[PDB]
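Peer 1: Just one file: entry19.txt, with compact mmCIF, N, CA and C atoms.
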# COMPACT_ATOMS: atom_id res chain seq x y z
N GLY A 103 -97.98 -25.59 31.59
CA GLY A 103 -97.14 -26.19 32.61
C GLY A 103 -95.66 -25.91 32.41
N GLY A 104 -95.35 -25.15 31.41
CA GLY A 104 -93.97 -24.78 31.16
C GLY A 104 -93.54 -23.54 31.92
N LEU A 105 -92.24 -23.15 31.72
CA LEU A 105 -91.65 -21.94 32.30
C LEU A 105 -91.87 -20.74 31.38
N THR A 106 -92.32 -19.63 31.98
CA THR A 106 -92.60 -18.40 31.19
C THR A 106 -91.75 -17.24 31.74
N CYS A 107 -91.48 -16.22 30.92
CA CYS A 107 -90.74 -15.04 31.43
C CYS A 107 -91.60 -14.27 32.44
N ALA A 108 -91.02 -13.86 33.57
CA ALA A 108 -91.82 -13.21 34.64
C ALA A 108 -91.52 -11.71 34.64
N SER A 109 -91.89 -10.98 35.70
CA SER A 109 -91.67 -9.54 35.58
C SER A 109 -90.20 -9.19 35.72
N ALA A 110 -89.80 -8.20 35.03
CA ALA A 110 -88.42 -7.73 35.09
C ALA A 110 -88.03 -7.34 36.52
N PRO A 111 -86.85 -7.71 36.89
CA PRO A 111 -86.41 -7.28 38.22
C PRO A 111 -86.43 -5.76 38.39
N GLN A 112 -86.74 -5.28 39.57
CA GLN A 112 -86.84 -3.86 39.87
C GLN A 112 -85.51 -3.30 40.37
N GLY A 113 -84.61 -4.19 40.78
CA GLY A 113 -83.31 -3.76 41.28
C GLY A 113 -82.28 -4.87 41.30
N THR A 114 -81.04 -4.47 41.44
CA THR A 114 -79.93 -5.42 41.54
C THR A 114 -79.10 -5.14 42.79
N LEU A 115 -78.72 -6.20 43.47
CA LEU A 115 -77.78 -6.12 44.59
C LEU A 115 -76.48 -6.84 44.25
N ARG A 116 -75.35 -6.16 44.39
CA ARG A 116 -74.03 -6.79 44.18
C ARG A 116 -73.32 -6.77 45.52
N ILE A 117 -72.96 -7.93 46.03
CA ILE A 117 -72.28 -8.14 47.31
C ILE A 117 -70.79 -8.38 47.08
N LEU A 118 -69.98 -7.78 47.93
CA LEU A 118 -68.52 -8.05 47.92
C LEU A 118 -68.14 -7.97 49.40
N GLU A 119 -67.03 -8.58 49.82
CA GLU A 119 -66.58 -8.54 51.24
C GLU A 119 -65.38 -7.60 51.37
N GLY A 120 -65.48 -6.55 52.19
CA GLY A 120 -64.37 -5.57 52.28
C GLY A 120 -63.97 -5.19 53.70
N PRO A 121 -62.67 -5.17 54.05
CA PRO A 121 -62.20 -4.70 55.35
C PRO A 121 -61.89 -3.20 55.30
N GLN A 122 -61.52 -2.55 56.42
CA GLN A 122 -61.36 -1.06 56.49
C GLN A 122 -59.92 -0.58 56.69
N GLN A 123 -59.67 0.74 56.59
CA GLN A 123 -58.38 1.40 56.76
C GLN A 123 -58.07 1.69 58.23
N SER A 124 -56.80 1.50 58.66
CA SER A 124 -56.40 1.95 60.00
C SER A 124 -55.90 3.38 60.04
N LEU A 125 -55.43 3.82 61.20
CA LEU A 125 -54.94 5.20 61.36
C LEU A 125 -53.64 5.36 60.59
N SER A 126 -53.34 6.55 60.04
CA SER A 126 -52.02 6.79 59.45
C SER A 126 -50.94 7.07 60.49
N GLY A 127 -50.01 6.13 60.67
CA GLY A 127 -48.89 6.32 61.58
C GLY A 127 -47.58 6.55 60.84
N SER A 128 -47.41 5.92 59.69
CA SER A 128 -46.27 6.15 58.81
C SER A 128 -44.94 5.95 59.52
N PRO A 129 -44.67 4.71 60.05
CA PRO A 129 -43.48 4.41 60.84
C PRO A 129 -42.44 4.02 59.79
N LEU A 130 -41.70 5.00 59.32
CA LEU A 130 -40.76 4.82 58.19
C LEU A 130 -39.61 3.83 58.41
N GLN A 131 -38.89 3.88 59.53
CA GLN A 131 -37.68 3.01 59.62
C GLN A 131 -37.41 2.51 61.05
N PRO A 132 -36.85 1.29 61.28
CA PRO A 132 -36.46 0.84 62.63
C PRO A 132 -35.50 1.89 63.20
N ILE A 133 -34.23 1.86 62.77
CA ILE A 133 -33.30 2.96 63.15
C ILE A 133 -33.36 3.91 61.95
N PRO A 134 -34.10 5.03 62.03
CA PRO A 134 -34.34 5.90 60.86
C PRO A 134 -33.32 6.95 60.41
N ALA A 135 -33.46 7.44 59.17
CA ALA A 135 -32.59 8.52 58.63
C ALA A 135 -31.22 7.94 58.26
N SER A 136 -30.31 8.78 57.75
CA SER A 136 -28.93 8.29 57.51
C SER A 136 -28.11 8.77 58.71
N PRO A 137 -27.83 7.95 59.74
CA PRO A 137 -27.14 8.44 60.94
C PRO A 137 -25.73 8.91 60.55
N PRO A 138 -25.31 10.10 61.00
CA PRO A 138 -24.02 10.65 60.59
C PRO A 138 -22.73 10.00 61.11
N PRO A 139 -21.66 9.95 60.29
CA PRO A 139 -20.36 9.45 60.74
C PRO A 139 -19.82 10.48 61.75
N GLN A 140 -19.05 10.05 62.75
CA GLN A 140 -18.68 11.05 63.79
C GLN A 140 -17.35 10.82 64.52
N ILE A 141 -16.95 11.78 65.36
CA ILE A 141 -15.63 11.78 66.05
C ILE A 141 -15.49 10.71 67.16
N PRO A 142 -14.38 9.92 67.25
CA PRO A 142 -14.19 9.02 68.38
C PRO A 142 -13.77 9.94 69.54
N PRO A 143 -14.31 9.77 70.76
CA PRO A 143 -14.01 10.71 71.85
C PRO A 143 -12.54 10.79 72.27
N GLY A 144 -12.03 12.01 72.49
CA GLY A 144 -10.62 12.22 72.90
C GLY A 144 -9.63 11.98 71.78
N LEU A 145 -9.54 10.75 71.25
CA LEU A 145 -8.64 10.39 70.12
C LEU A 145 -7.16 10.52 70.50
N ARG A 146 -6.67 11.76 70.68
CA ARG A 146 -5.26 12.05 71.06
C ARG A 146 -4.38 12.03 69.80
N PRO A 147 -3.29 12.81 69.73
CA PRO A 147 -2.36 12.70 68.60
C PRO A 147 -1.64 11.34 68.66
N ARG A 148 -1.46 10.69 67.50
CA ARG A 148 -0.73 9.39 67.46
C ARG A 148 0.58 9.61 66.69
N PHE A 149 1.22 10.77 66.88
CA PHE A 149 2.46 11.12 66.14
C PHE A 149 3.11 12.35 66.78
N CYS A 150 4.44 12.37 66.82
CA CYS A 150 5.16 13.54 67.36
C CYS A 150 6.34 13.91 66.46
N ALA A 151 6.81 15.15 66.57
CA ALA A 151 7.98 15.60 65.78
C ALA A 151 9.26 15.05 66.39
N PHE A 152 10.36 15.17 65.64
CA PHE A 152 11.67 14.71 66.18
C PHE A 152 12.44 15.88 66.80
N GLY A 153 12.93 15.69 68.03
CA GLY A 153 13.70 16.75 68.72
C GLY A 153 12.96 17.27 69.94
N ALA B 884 -4.54 3.26 38.49
CA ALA B 884 -5.79 4.00 38.59
C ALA B 884 -6.18 4.12 40.05
N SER B 885 -6.96 5.16 40.35
CA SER B 885 -7.59 5.28 41.65
C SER B 885 -9.02 4.75 41.57
N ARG B 886 -9.75 4.84 42.67
CA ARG B 886 -11.14 4.43 42.70
C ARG B 886 -12.08 5.53 42.23
N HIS B 887 -11.57 6.50 41.46
CA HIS B 887 -12.37 7.63 41.01
C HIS B 887 -12.18 7.93 39.53
N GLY B 888 -11.69 6.97 38.75
CA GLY B 888 -11.57 7.17 37.32
C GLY B 888 -10.35 7.94 36.89
N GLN B 889 -9.35 8.06 37.75
CA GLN B 889 -8.12 8.78 37.42
C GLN B 889 -7.03 7.79 37.01
N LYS B 890 -7.16 7.29 35.79
CA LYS B 890 -6.17 6.36 35.26
C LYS B 890 -5.00 7.11 34.64
N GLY B 891 -3.83 6.50 34.71
CA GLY B 891 -2.65 7.08 34.12
C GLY B 891 -1.52 6.08 34.10
N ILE B 892 -0.62 6.25 33.15
CA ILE B 892 0.52 5.37 33.00
C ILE B 892 1.59 5.78 33.99
N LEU B 893 2.53 4.87 34.22
CA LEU B 893 3.68 5.16 35.07
C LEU B 893 4.81 5.69 34.20
N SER B 894 5.16 6.97 34.38
CA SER B 894 6.12 7.60 33.48
C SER B 894 7.55 7.58 34.00
N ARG B 895 7.75 7.66 35.31
CA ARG B 895 9.08 7.62 35.89
C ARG B 895 9.04 6.79 37.16
N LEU B 896 10.22 6.32 37.55
CA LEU B 896 10.45 5.77 38.88
C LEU B 896 11.45 6.71 39.54
N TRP B 897 10.94 7.65 40.31
CA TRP B 897 11.77 8.71 40.85
C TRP B 897 12.64 8.17 41.98
N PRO B 898 13.96 8.36 41.92
CA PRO B 898 14.82 7.93 43.03
C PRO B 898 14.24 8.35 44.37
N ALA B 899 14.53 7.56 45.40
CA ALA B 899 13.96 7.82 46.71
C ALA B 899 14.64 8.98 47.42
N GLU B 900 15.81 9.40 46.96
CA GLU B 900 16.50 10.54 47.55
C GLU B 900 16.20 11.85 46.83
N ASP B 901 15.55 11.79 45.66
CA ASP B 901 15.12 12.98 44.94
C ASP B 901 13.66 13.32 45.18
N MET B 902 12.96 12.55 46.00
CA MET B 902 11.56 12.83 46.30
C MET B 902 11.45 13.90 47.38
N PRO B 903 10.42 14.74 47.32
CA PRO B 903 10.25 15.78 48.34
C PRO B 903 9.84 15.16 49.67
N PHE B 904 10.72 15.25 50.66
CA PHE B 904 10.43 14.69 51.97
C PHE B 904 9.67 15.69 52.81
N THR B 905 8.80 15.18 53.67
CA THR B 905 7.96 16.00 54.52
C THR B 905 8.69 16.31 55.82
N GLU B 906 8.11 17.22 56.60
CA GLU B 906 8.74 17.62 57.86
C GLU B 906 8.66 16.51 58.90
N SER B 907 7.95 15.43 58.60
CA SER B 907 7.85 14.28 59.49
C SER B 907 8.80 13.16 59.11
N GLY B 908 9.65 13.37 58.11
CA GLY B 908 10.55 12.34 57.64
C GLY B 908 10.00 11.50 56.51
N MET B 909 8.69 11.52 56.29
CA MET B 909 8.08 10.67 55.29
C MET B 909 8.52 11.10 53.89
N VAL B 910 8.12 10.30 52.91
CA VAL B 910 8.42 10.57 51.51
C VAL B 910 7.34 9.89 50.68
N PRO B 911 6.57 10.62 49.87
CA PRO B 911 5.51 9.98 49.10
C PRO B 911 6.05 8.84 48.25
N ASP B 912 5.15 7.94 47.87
CA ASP B 912 5.47 6.90 46.92
C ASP B 912 4.66 6.99 45.64
N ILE B 913 3.69 7.90 45.58
CA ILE B 913 3.00 8.25 44.34
C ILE B 913 3.00 9.76 44.22
N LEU B 914 3.36 10.27 43.05
CA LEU B 914 3.27 11.68 42.72
C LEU B 914 2.20 11.85 41.64
N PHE B 915 1.20 12.66 41.95
CA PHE B 915 0.00 12.84 41.13
C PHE B 915 -0.13 14.32 40.78
N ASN B 916 -0.05 14.64 39.50
CA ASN B 916 -0.09 16.03 39.06
C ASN B 916 -1.43 16.65 39.46
N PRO B 917 -1.44 17.86 40.01
CA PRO B 917 -2.70 18.44 40.48
C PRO B 917 -3.59 19.02 39.39
N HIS B 918 -3.33 18.73 38.13
CA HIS B 918 -4.10 19.32 37.04
C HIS B 918 -5.17 18.38 36.50
N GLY B 919 -5.28 17.17 37.02
CA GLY B 919 -6.40 16.31 36.66
C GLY B 919 -7.69 16.61 37.38
N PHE B 920 -7.65 17.44 38.42
CA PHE B 920 -8.83 17.81 39.19
C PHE B 920 -9.68 18.88 38.51
N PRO B 921 -9.08 19.95 37.98
CA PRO B 921 -9.90 21.10 37.56
C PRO B 921 -10.90 20.78 36.46
N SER B 922 -10.55 19.92 35.51
CA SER B 922 -11.45 19.61 34.41
C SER B 922 -12.27 18.34 34.65
N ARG B 923 -11.80 17.45 35.53
CA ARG B 923 -12.49 16.20 35.80
C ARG B 923 -13.30 16.23 37.09
N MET B 924 -13.02 17.18 37.99
CA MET B 924 -13.88 17.45 39.14
C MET B 924 -14.09 16.21 39.99
N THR B 925 -13.03 15.42 40.17
CA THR B 925 -13.08 14.26 41.05
C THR B 925 -12.73 14.73 42.46
N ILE B 926 -13.66 15.42 43.10
CA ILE B 926 -13.46 15.87 44.47
C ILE B 926 -13.49 14.73 45.47
N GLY B 927 -13.81 13.51 45.03
CA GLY B 927 -13.79 12.38 45.93
C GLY B 927 -12.40 11.87 46.23
N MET B 928 -11.44 12.13 45.35
CA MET B 928 -10.05 11.76 45.62
C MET B 928 -9.45 12.65 46.71
N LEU B 929 -9.75 13.94 46.67
CA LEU B 929 -9.27 14.85 47.70
C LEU B 929 -9.89 14.57 49.06
N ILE B 930 -11.06 13.94 49.10
CA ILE B 930 -11.63 13.54 50.38
C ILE B 930 -11.11 12.17 50.81
N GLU B 931 -10.85 11.28 49.85
CA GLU B 931 -10.29 9.98 50.20
C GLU B 931 -8.89 10.11 50.76
N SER B 932 -8.10 11.05 50.23
CA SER B 932 -6.76 11.27 50.78
C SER B 932 -6.83 11.62 52.26
N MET B 933 -7.69 12.58 52.62
CA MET B 933 -7.80 13.00 54.01
C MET B 933 -8.40 11.90 54.88
N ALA B 934 -9.43 11.21 54.38
CA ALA B 934 -10.03 10.13 55.15
C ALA B 934 -9.03 9.02 55.41
N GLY B 935 -8.25 8.61 54.40
CA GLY B 935 -7.25 7.59 54.58
C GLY B 935 -6.09 8.00 55.45
N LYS B 936 -5.67 9.26 55.38
CA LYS B 936 -4.62 9.73 56.28
C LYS B 936 -5.11 9.75 57.72
N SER B 937 -6.33 10.22 57.96
CA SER B 937 -6.92 10.16 59.29
C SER B 937 -7.08 8.73 59.79
N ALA B 938 -7.44 7.80 58.91
CA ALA B 938 -7.55 6.39 59.29
C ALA B 938 -6.19 5.83 59.69
N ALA B 939 -5.19 5.95 58.82
CA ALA B 939 -3.85 5.49 59.16
C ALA B 939 -3.32 6.13 60.44
N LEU B 940 -3.66 7.39 60.70
CA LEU B 940 -3.23 8.07 61.92
C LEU B 940 -3.91 7.56 63.18
N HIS B 941 -5.23 7.37 63.15
CA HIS B 941 -5.97 6.99 64.34
C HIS B 941 -6.23 5.50 64.45
N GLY B 942 -5.77 4.70 63.50
CA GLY B 942 -6.07 3.29 63.50
C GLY B 942 -7.52 2.95 63.23
N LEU B 943 -8.29 3.88 62.69
CA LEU B 943 -9.72 3.72 62.46
C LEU B 943 -9.96 3.15 61.06
N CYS B 944 -11.23 3.17 60.66
CA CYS B 944 -11.62 2.78 59.32
C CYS B 944 -12.91 3.52 59.01
N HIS B 945 -12.82 4.56 58.19
CA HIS B 945 -13.96 5.40 57.87
C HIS B 945 -14.71 4.83 56.68
N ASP B 946 -15.99 5.17 56.59
CA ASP B 946 -16.82 4.73 55.48
C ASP B 946 -16.98 5.85 54.47
Let me see the structure of the file written as structure tokens.

Peer 2:
Amino acid sequence: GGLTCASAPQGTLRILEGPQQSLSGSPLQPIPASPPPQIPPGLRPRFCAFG
Amino acid sequence: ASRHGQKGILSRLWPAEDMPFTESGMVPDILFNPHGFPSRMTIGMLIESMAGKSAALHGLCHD
């Protein structure tokens, strides 16, 4: 009436919960790159010679 | 000193009438010997001079 060893298991199942990968879009930056410093339009000379 | 590691002592206070005046009437207030560039390669000072002169001329502020 006691507990005895039974037949060895024939296989093992290991369960884990996993989600999946999306598409590669690689959206690097809101406003991207190093935007260049640049000329103010027209500007004009702010200096003249004497005479 | 400048913002580029070019430190130096003040050796003279040159009279304001003995300074080399420019064709615009101006007269520098700092005289910096041009021989600190060749061995120290602080090309950022030569760009800061032009950037600051352009800023003072156009009323701008460059980065």

Peer 1: Show which residues sit within 9 Å of region 898-902 of chain B, as a PyMOL selection string. Count only C-alpha atoms, and ignore same-chain residues fewer than 2 positions away.

Peer 2: chain B and resi 896+904+910-912

Peer 1: Residues at most 8 Å from region 931-941 of chain B, counting all atoms listed in the file, excluding those fewer than 6 positions away in the same chain, as a list in words?

Peer 2: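 Once the nearby chain positions are removed, what remains is residues 145, 146, 147, 148 and 149 of chain A.
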
Peer 1: Would you mind exporting the chosen residues as a compact mmCIF listing (two decimals), keeping the file's coordinate frame, restricted to N, CA and C atoms?

Peer 2:
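Written file, out-v8.txt:
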# COMPACT_ATOMS: atom_id res chain seq x y z
N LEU A 145 -9.54 10.75 71.25
CA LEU A 145 -8.64 10.39 70.12
C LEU A 145 -7.16 10.52 70.50
N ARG A 146 -6.67 11.76 70.68
CA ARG A 146 -5.26 12.05 71.06
C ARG A 146 -4.38 12.03 69.80
N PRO A 147 -3.29 12.81 69.73
CA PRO A 147 -2.36 12.70 68.60
C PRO A 147 -1.64 11.34 68.66
N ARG A 148 -1.46 10.69 67.50
CA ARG A 148 -0.73 9.39 67.46
C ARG A 148 0.58 9.61 66.69
N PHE A 149 1.22 10.77 66.88
CA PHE A 149 2.46 11.12 66.14
C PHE A 149 3.11 12.35 66.78

Peer 1: Using all atoms listed in the file, find the residues of chain B whose closest atom to chain A is at most 8 Å away, then write them as a PyMOL selection string.

Peer 2: chain B and resi 906-908+940-942+946

Peer 1: Go ahead and compute the interatomic distance for CA of residue 944 (chain B) and atom N of residue 141 (chain A), in Å to one decimal.

Peer 2: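 Separating CA of residue 944 (chain B) from atom N of residue 141 (chain A) is a distance of 12.1 Å.
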
Peer 1: Would you kindly return, as a PyMOL selection string, each protein, DNA or RNA residue with an atom no farther than 8 Å from any atom of residue 889 (chain B), considering only N, CA and C atoms and excluding same-chain residues fewer than 5 positions away?

Peer 2: chain B and resi 884+919+925

Peer 1: Grab the CA of residue 903 (chain B) to CA of residue 886 (chain B) distance for me, in Å with one decimal place.

Peer 2: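 If I compute the distance from CA of residue 903 (chain B) to CA of residue 886 (chain B), I get 24.9 Å.
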
Peer 1: To test your reading of the structure, identify every residue in region 896-934 of chain B that backbone DSSP assigns to alpha helix (DSSP H), and report it as a list in words.

Peer 2: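 Matching residues for alpha helix (DSSP H) in region 896-934 of chain B are residues 920, 921, 922, 923, 926, 927, 928, 929, 930, 931, 932, 933 and 934 of chain B.
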
Peer 1: Taking into account only C-alpha atoms, which residue in the set B:897, B:929, B:922, B:945 is nearest to residue 138 (chain A)?

Peer 2: B:945

Peer 1: So how many Å separate CA of residue 895 (chain B) and CA of residue 916 (chain B), to one decimal?

Peer 2: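 Between CA of residue 895 (chain B) and CA of residue 916 (chain B) the gap is 12.8 Å.
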
Peer 1: Report the centre and edge lengths, in Å to one decimal, of an axis-aligned box enclosing every atom of region 111-125 of chain A listed in the file, padded by 3 Å on each side, as AutoDock Vina command-line options.

Peer 2:
--center_x -70.2 --center_y -1.6 --center_z 49.1 --size_x 39.2 --size_y 19.9 --size_z 30.5

Peer 1: Return region 123-136 of chain A, completed with N, CA, C and O atoms, as a PDB file, keeping the file's coordinate frame.

Peer 2:
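So the final result, stored in out.pdb, reads:
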ATOM      1  N   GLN A 123     -59.670   0.740  56.590  1.00  0.00           N
ATOM      2  CA  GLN A 123     -58.380   1.400  56.760  1.00  0.00           C
ATOM      3  C   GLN A 123     -58.070   1.690  58.230  1.00  0.00           C
ATOM      4  O   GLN A 123     -58.957   2.093  58.986  1.00  0.00           O
ATOM      5  N   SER A 124     -56.800   1.500  58.660  1.00  0.00           N
ATOM      6  CA  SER A 124     -56.400   1.950  60.000  1.00  0.00           C
ATOM      7  C   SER A 124     -55.900   3.380  60.040  1.00  0.00           C
ATOM      8  O   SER A 124     -55.948   4.092  59.030  1.00  0.00           O
ATOM      9  N   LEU A 125     -55.430   3.820  61.200  1.00  0.00           N
ATOM     10  CA  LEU A 125     -54.940   5.200  61.360  1.00  0.00           C
ATOM     11  C   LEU A 125     -53.640   5.360  60.590  1.00  0.00           C
ATOM     12  O   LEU A 125     -52.865   4.391  60.466  1.00  0.00           O
ATOM     13  N   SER A 126     -53.340   6.550  60.040  1.00  0.00           N
ATOM     14  CA  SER A 126     -52.020   6.790  59.450  1.00  0.00           C
ATOM     15  C   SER A 126     -50.940   7.070  60.490  1.00  0.00           C
ATOM     16  O   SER A 126     -50.944   8.133  61.116  1.00  0.00           O
ATOM     17  N   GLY A 127     -50.010   6.130  60.670  1.00  0.00           N
ATOM     18  CA  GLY A 127     -48.890   6.320  61.580  1.00  0.00           C
ATOM     19  C   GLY A 127     -47.580   6.550  60.840  1.00  0.00           C
ATOM     20  O   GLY A 127     -46.726   7.310  61.318  1.00  0.00           O
ATOM     21  N   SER A 128     -47.410   5.920  59.690  1.00  0.00           N
ATOM     22  CA  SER A 128     -46.270   6.150  58.810  1.00  0.00           C
ATOM     23  C   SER A 128     -44.940   5.950  59.520  1.00  0.00           C
ATOM     24  O   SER A 128     -44.224   6.927  59.775  1.00  0.00           O
ATOM     25  N   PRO A 129     -44.670   4.710  60.050  1.00  0.00           N
ATOM     26  CA  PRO A 129     -43.480   4.410  60.840  1.00  0.00           C
ATOM     27  C   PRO A 129     -42.440   4.020  59.790  1.00  0.00           C
ATOM     28  O   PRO A 129     -42.324   2.848  59.463  1.00  0.00           O
ATOM     29  N   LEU A 130     -41.700   5.000  59.320  1.00  0.00           N
ATOM     30  CA  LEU A 130     -40.760   4.820  58.190  1.00  0.00           C
ATOM     31  C   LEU A 130     -39.610   3.830  58.410  1.00  0.00           C
ATOM     32  O   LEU A 130     -39.410   3.005  57.511  1.00  0.00           O
ATOM     33  N   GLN A 131     -38.890   3.880  59.530  1.00  0.00           N
ATOM     34  CA  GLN A 131     -37.680   3.010  59.620  1.00  0.00           C
ATOM     35  C   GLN A 131     -37.410   2.510  61.050  1.00  0.00           C
ATOM     36  O   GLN A 131     -37.765   3.238  62.001  1.00  0.00           O
ATOM     37  N   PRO A 132     -36.850   1.290  61.280  1.00  0.00           N
ATOM     38  CA  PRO A 132     -36.460   0.840  62.630  1.00  0.00           C
ATOM     39  C   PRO A 132     -35.500   1.890  63.200  1.00  0.00           C
ATOM     40  O   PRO A 132     -35.912   2.656  64.047  1.00  0.00           O
ATOM     41  N   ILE A 133     -34.230   1.860  62.770  1.00  0.00           N
ATOM     42  CA  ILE A 133     -33.300   2.960  63.150  1.00  0.00           C
ATOM     43  C   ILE A 133     -33.360   3.910  61.950  1.00  0.00           C
ATOM     44  O   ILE A 133     -32.770   3.583  60.903  1.00  0.00           O
ATOM     45  N   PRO A 134     -34.100   5.030  62.030  1.00  0.00           N
ATOM     46  CA  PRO A 134     -34.340   5.900  60.860  1.00  0.00           C
ATOM     47  C   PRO A 134     -33.320   6.950  60.410  1.00  0.00           C
ATOM     48  O   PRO A 134     -32.415   7.217  61.189  1.00  0.00           O
ATOM     49  N   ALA A 135     -33.460   7.440  59.170  1.00  0.00           N
ATOM     50  CA  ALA A 135     -32.590   8.520  58.630  1.00  0.00           C
ATOM     51  C   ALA A 135     -31.220   7.940  58.260  1.00  0.00           C
ATOM     52  O   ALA A 135     -31.041   6.719  58.409  1.00  0.00           O
ATOM     53  N   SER A 136     -30.310   8.780  57.750  1.00  0.00           N
ATOM     54  CA  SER A 136     -28.930   8.290  57.510  1.00  0.00           C
ATOM     55  C   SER A 136     -28.110   8.770  58.710  1.00  0.00           C
ATOM     56  O   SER A 136     -27.714   9.958  58.695  1.00  0.00           O
TER      57      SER A 136
END
